[PDB]
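Just so it is clear, A, B, C, D, E, F, G, H and I label the chains in written order, and each chain counts residues from 1 on its own.
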Amino acid sequence: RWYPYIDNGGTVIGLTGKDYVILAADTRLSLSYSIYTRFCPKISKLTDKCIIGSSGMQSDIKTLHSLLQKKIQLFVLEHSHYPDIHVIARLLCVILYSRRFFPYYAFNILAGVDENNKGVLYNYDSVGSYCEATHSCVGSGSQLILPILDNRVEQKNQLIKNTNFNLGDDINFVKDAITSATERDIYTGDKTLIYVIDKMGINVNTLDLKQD
Amino acid sequence: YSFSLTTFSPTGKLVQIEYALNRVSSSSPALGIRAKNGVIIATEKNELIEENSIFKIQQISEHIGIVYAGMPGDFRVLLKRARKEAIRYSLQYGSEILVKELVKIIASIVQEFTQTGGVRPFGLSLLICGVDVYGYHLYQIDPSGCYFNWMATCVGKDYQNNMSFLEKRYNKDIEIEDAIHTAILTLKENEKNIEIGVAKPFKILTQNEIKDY
Amino acid sequence: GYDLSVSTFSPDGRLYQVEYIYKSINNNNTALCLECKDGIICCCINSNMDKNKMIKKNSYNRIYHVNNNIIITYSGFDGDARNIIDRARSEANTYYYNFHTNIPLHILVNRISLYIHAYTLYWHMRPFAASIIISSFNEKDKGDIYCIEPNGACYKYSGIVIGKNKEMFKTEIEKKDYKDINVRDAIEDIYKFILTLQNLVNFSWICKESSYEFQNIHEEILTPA
Amino acid sequence: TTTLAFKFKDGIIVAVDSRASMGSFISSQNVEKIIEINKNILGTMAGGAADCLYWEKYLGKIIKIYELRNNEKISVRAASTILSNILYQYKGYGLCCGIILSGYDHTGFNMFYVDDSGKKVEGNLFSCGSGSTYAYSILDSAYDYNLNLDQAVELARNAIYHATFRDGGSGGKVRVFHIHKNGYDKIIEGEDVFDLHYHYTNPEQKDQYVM
Amino acid sequence: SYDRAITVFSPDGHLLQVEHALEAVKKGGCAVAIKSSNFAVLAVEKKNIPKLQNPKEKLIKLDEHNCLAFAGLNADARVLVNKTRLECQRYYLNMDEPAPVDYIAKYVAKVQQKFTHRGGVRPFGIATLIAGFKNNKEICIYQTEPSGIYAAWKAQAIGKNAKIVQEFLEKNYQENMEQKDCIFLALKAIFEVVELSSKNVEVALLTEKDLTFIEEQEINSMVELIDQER
Amino acid sequence: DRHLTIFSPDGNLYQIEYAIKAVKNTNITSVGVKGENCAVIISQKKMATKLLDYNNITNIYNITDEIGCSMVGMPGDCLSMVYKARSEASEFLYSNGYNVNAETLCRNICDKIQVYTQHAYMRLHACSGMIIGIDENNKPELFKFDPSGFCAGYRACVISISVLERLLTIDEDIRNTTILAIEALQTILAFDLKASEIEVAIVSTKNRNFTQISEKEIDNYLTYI
Amino acid sequence: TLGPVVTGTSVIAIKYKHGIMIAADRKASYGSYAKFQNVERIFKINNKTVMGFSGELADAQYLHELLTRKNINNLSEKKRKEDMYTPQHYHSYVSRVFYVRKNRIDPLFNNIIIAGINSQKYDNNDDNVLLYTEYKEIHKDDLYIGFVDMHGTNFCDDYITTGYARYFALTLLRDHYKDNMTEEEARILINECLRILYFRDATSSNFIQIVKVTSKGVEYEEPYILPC
Amino acid sequence: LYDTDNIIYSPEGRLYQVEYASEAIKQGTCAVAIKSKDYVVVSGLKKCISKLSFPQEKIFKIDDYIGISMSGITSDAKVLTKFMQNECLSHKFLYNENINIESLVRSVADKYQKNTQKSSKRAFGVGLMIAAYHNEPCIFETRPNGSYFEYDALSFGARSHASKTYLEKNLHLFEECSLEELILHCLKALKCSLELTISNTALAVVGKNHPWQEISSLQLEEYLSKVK
Amino acid sequence: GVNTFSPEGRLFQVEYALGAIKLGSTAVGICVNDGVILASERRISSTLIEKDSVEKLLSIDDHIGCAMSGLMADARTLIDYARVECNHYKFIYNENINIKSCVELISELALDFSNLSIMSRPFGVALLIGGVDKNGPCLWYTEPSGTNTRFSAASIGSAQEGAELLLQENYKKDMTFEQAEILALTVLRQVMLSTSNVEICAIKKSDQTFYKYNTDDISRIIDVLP
């Protein structure tokens, strides 16, 4: 028999501030202890204030992102306005649940800045269960990064606090997080793309990581 | 686009059935006579046309034969359907089909085209002859879809006069030979015109056999 | 009152809808196909839209091709003609699906003529308003030219004209035998018969200079002719 | 998961946890399990999160269309029947849903338990999830009909705390809502079970608690 | 005419088949409905040849609590009533509560509109008077036309000579009233058009428990009282 | 109203008469003649009604290697009936694994025609057909049908009847049957016939396959007479 | 297909100065048996697009005939040279075909390479397309090489290897490949890669077909034997 | 008798129902469209039945570089607008490139004439003006009888003869004129059809490195001031 | 033929259906910045009819209302379809439908009889659909021809022309919500007044919620007529 599922690896990290969202993702593509290519982006643009990143099977990810972009464009052509991140969130939930009995093997993070200039991150499993979060991570490395983000962002086991968070410090923190992901995860590596949305639009930066 | 072409007249008449009745009335005659030990059906009808290929009398099954008055193509499709229904009953119940059940099935099929949308009634009247455990059977089916159980009957052109002649001549206790002679007498009102089928299994009498009679 | 449906024979035994389609096609633009020694030359004269000066120059082309070596042109309505042309393309594609070879021309002619004929039977379908010239040329077989009438007929020619002014164009092209004339020497005579200006004409041919494949005249060969 | 509803003198109490663990790994401890189906009926999530969320929102749209057509609020019984029939239509497909629908209608305060296998049971004290047995133990030990609102609130909080304490798959925060005639109230929007442990069982905080 | 428009707009703007269905309804026998505090009374004319026809049905018990009385074509009424009963049980299966009168009146009106709109069907040549109880336990009566429009009524009449009985009911309905007074009002109202006799009417009282038919002796006594009055 | 295929008040169906008139209006004649061990059809090679390809015009057709036919009437209807006959023979061969008879094929074709005869929504095919072929007993068969959907076997037939009546070794039998067909057509048309405007087709026990003799042989037979 | 029977081996493809160079050995193996050794494995889609496969031969022939009829369908609706479909369009079509087949659990047992030239500006080849009968330096961004997988996952790179070449030839390409490589340098690099594949792969062969997609169209070089 | 149903040809050889559908185009408001070497500008009149009524939308977006104007029945125009939008977005989803305008216009013309064959259906009582920049500016007219035509300039609707005369006078200047000059020519043609209030005139542009975009109110007021 | 055309290019059935929408009780709708209001006349033919059972105004959604005229049963079908589609949108996208999009859905179903791409004839109803969305309040008129029209204020029913003239003569853009209320009552008074004679509904920009008027609200604006 033929099993119609593969895991292409990689990782996608997401963070939000009071007035911004950062979404990092590696650009490695791997079958099983092999490298298809060293540049396969995982994050896609939906509107001028929203992005979706995802990890899992690459064909499912690409088809899902193209279909979701097509649906948002049809929405804009029909309803004469651009949907908020919450509207796109419910739409993505319905689209993923439509294949409930043969699911998209893709775990997604939908990042954006909403009507109120408030950063919003919605994390999604394969079958459309989803929720809002301050920080999230999906892909191979996620079990590494998520304790780090829980420690730094919402420190619970620490008796004295320091919550002086800003855009530059958060960018450096996400860079350190993806760097630590590369060290201890075989499927994370190569270049990584970091997308930032604060008040005006999307700004993309790139960072080389370990090529092994 | 499925609408009934046959429609009730203001005087409560299906005139399409009446016109099909007129068509079969204008067609060449046929008749059937039932004896105590047999049943006979006979016909009436260029020097280039082959006589073998235009037999109006046809066999549905081993003890069921058929003759018609009206259109040839309608008769051919109805004969194919009758043979299919007889084969269906033989495959299901094993035994050869009864005359009455076949007549009822064909009558229902003929009535269906009187009511189905986008079709016209059959332009012929059939006569089934047959034999089974309940004796000999002669049944006339009209364009209307009504089946009539007869001792002897005539269909087609001048059928009233032929019915009068046969009614004067017919007796219940006649033989096969006497019935064949009376059929030829009724058809007289040459050798190649008449063709006779008698039902022992159903058979078509060859030209010499009609010649001696 | 027998002419108000394609699915009824008149007491004369005629289908009047087909005759009215013939009149409609005869009222439409002219199209020629001609069989020359090295190729077949086909053309169309779009003079009915001479009044419309807003049209983009040399854009309305009634000449189409199938499998790069079968010219197909029409005279009639545009949408019905596009149905016929797309059906011809689909039939050629199906023949290549099954058999890995290009469809023969006469089998395509029979199939498309049957497709046209299928609409002249039922009472709930409009018959095709188009007369179709389908043709090809080969080094061995020379030029095969077929005209499919709206009635489902299909006839092979050594030269055909359809559309308006077909009688004058037929008697003009009948004057000289083109089996010993090349296409370049024929375009001049075709222009002379069209006169009896140059942005309301379309042309094509399948000769050896095009390697026996579909083409249109470049402006540099149009002009000196 | 641990969800626990129960009727009492002034109305209904509902209480839930907030985890969404994927096997052993905890995915999120801030999940909303009391889905507001409409302004009077309240939902509750257990088992598969995707199925519960989708079908409770579908029941919400169905109830809204019904109430707009007929111009009257639906009953808890009718909503339970619609949900149970919809879930039974997907028998043999692998759904996993355990839902407790509580609410107020013209018949009164009504509570029902519905399952992905077409179950529908009418009661006054329900609990679902992996930690349902522990919450059942605490509730059936301490439940009384004539409790005040605060007494029922602390009872529900204690039951949820004990369920999260014993059960590996329950914890995070506790959310406790109160349903009354005119609607419902979020008595506890969210509260860490860390403080619940170090308040209830280990107030001294001088050594590790021996179970 | 499998899928064809039998009913279409006229040059003025009317759907002529709907008015023809109304004309068919005008031939049907008179049927009167009167409401009270927690009960209703439906009285419908019956016509039958004496000594030959079995007296044993224009009134119907639709479900546990609803009841119906039609006027128009009888076979159309029978099939519409069977559909209504099927929908009553379908609602009671799909909601686990009995169907309210408002819901089933809406469904009957919707079905009549649907047959007034779909291709290849004829309008229902019947007007209807449904009586029943709502979710809040109040009783009410809904009258439904062949044109798909319904409306609730305190008291109403349908069928032949409906205008005379309607304008008689207007000047005699008195809000809540006793069962005896309600039945007597129904008798004298429907008898303003049909002949004064005991066998020309069947009357039934709808209560929360069940629809009870009034025996012929009581109807004959009330007919005698009416005859003595006039 | 004679538009539909329904009964007139006298019981007649006038659409079949109108279709038969349509077939007769083509002015196309074909004579079929059976022999001792062979059968011939001779048809007239002209368009139904200068540059036209006259070799392409034909009324005879090859339904199978053994069975062949000649259709007369509307050309699209003729081609459609040819394709129906080929499909019928192919279906018979697939289901049964042996070649259909001319008789059985004619039966099935008229069974198909009866559907159009009875159904109001179907136009009738203005087509008469004359099929020939050898049977399994090694004897010829000549069957003929008309738009009415009625078939019959003939010793000889035309699509005049008395001209054939007075006229009516394997090689000698084939030669005599071909001469009889040619002389019958010549006498019916009553003008001298050129070999380039008629078409003869033959089936025989010697050569089971349907085949048409060349123009040289027709010229030889005409010069013989 | 339920699984592979007559299988084709690896394919290599790179960009260079004048266009695309794609190489495949002409062997198809029936299990562990060289039943066929003259099999054309690289297909010409159109004048600026070629395809290669590694996997079951029947599925590859089916896909090739599909893309062929798509090319004639495109040509039938042609008016100018810019109407022609680029390798990007065919790559997207093959990706959608493989994805749809993957949804039904009924794949084409193949890994496909689609390669060619994107832009039409370097020549007027498609002014008069003929089917039955010095180079130009093309920029890397105007060339196209793309991988398509059995699960439908797809991508593009400057050099694609499919089959067993993903381990043996991919290493040498990732070491030695450079931009603006000459035709001779590309040829010797590809020959070295195929030599290593022939030595270390059982199913491979030393009878190569090279196809060049350059400014003067698609060019099938005559097949040759790898020395040593 | 010959115009009761759409499938009956007249004795002259005419389909009266299709011609009535084509006659329904003239009742719509005037629209004009012109182009040059680079840009296309389409202008139109927004119908305003009363002062309390807002003007009716006249121009619609189809793609990033395609837009339409309509004349006729508005429901038919909405149906065809939805069809074109789904076709463009489906092409953008299946393949990663813009749809060809020739194929899209052929598809819309096929969708028109499919309804003119079956007797159950009726012809589309709406004429379409599709403006786009695929590789160059282009304007397409589509009529109810299944035909479509390219146009250098185009206009139709109520009182469109005067604007057509203006276009016939001034066609030779449009190719070399600048974008603002082209907008002034289109607005002058629209005035010649007739008062050009800010509400009652719709106008949009599409061209090289310029997606489809309705000109704003302030810019429209500036251009209308420049019309004199 | 239901789908046949006229020589003037106008569909016969749509033209005939336009004659039906004139018949009916008069209703009016006014849009201001504060909100949108729809008032409607009741037809109390006799005292036996229960007044509240017949309702000319109603909700298509929580944030949308409508005033309908013509053939009422067709209107009930259309509003049922609109309610289902609006709640489907709210499920699929988790927000409120625009009034233009809902009006376009209702118009798309209106000419379903044509079968260009199932109903058999046109609808015989006209709808003034009002409501508040992110773009503020608005009011859209739709008719059997399938055309939609955004209106500042509009009227439907028998006395369409007189109400239209009175609206045109006595409407201002920046008028207060109470000013629009007295405008609606004055227009309906001139067309034809007490509680249960007219039914009024409002959707405000502050609340964006349907609100059917009742006793002490109908009389309040009746008490401040000029």
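To be clear about the criterion, a residue touches a chain if its C-beta (ideal position, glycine included) is under 8 Å from a C-beta of that chain, and two chains touch if they have at least 3 such contacts.
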- chain I reached from chain E - shortest hop count over touching chains: 1
- Task: Figure out the least number of contact steps between chain F and chain H, where 1 means they touch directly.
- Result: 2
- Query: What are the chains that chain C and chain F both touch?
  - Reply: none
- Centre of all protein Cα atoms: which chain's centre is nearest to it? H
- Query: So how far apart, in whole Å, are chain E and chain F when each is placed at the average of its C-alpha atoms?
  - Reply: 71
- Query: From the C-alpha centre of chain A to that of chain I, how far is it in Å?
  - Reply: 46
- Note on the structure: CA centroids of chain E and chain H: separation to the nearest Å works out as 57
- Message: I'd like to verify one number: the distance from the centre of chain B to the centre of chain G, where each centre is the average of its C-alpha atoms, in whole angstrom.
- Response: 74
- Message: Multi-chain contacts only, two chains or more: what residues does chain B have there?
- Response: 1
- Item | Touching two or more other chains - residues of chain C | 5-6, 124
- Numbers and ranges of chain F residues touching at least 2 other chains: 4, 121
- Message: Strictly by the criterion at the top, what is the full list of touching chain pairs?
- Response: A-D, A-G, A-H, A-I, B-E, B-F, C-F, C-G, C-H, D-E, D-I, E-I, G-H, H-I
- Item | List of chain A residues in touch with chain G within their complex | 2, 4-6, 8, 29, 34, 36-37, 40, 57-59, 62-63, 102
- Interfacial residue positions of chain D with respect to chain A in the complex: 20, 22, 25, 27-28, 30-32, 48-51, 53-54, 93-94, 194
- Task: Spell out the part of chain F that touches chain C in their complex, as residue ranges.
- Result: 2-4, 14-15, 18-25, 47, 50-53, 56-57, 74-77, 79-80, 83, 121-124, 126
- Note on the structure: The chain H residues in contact with chain G across the complex are 94-97, 100, 102-103, 106, 135
- Note on the structure: Counting only contacts in the complex, chain E reaches chain B at residues 1-2
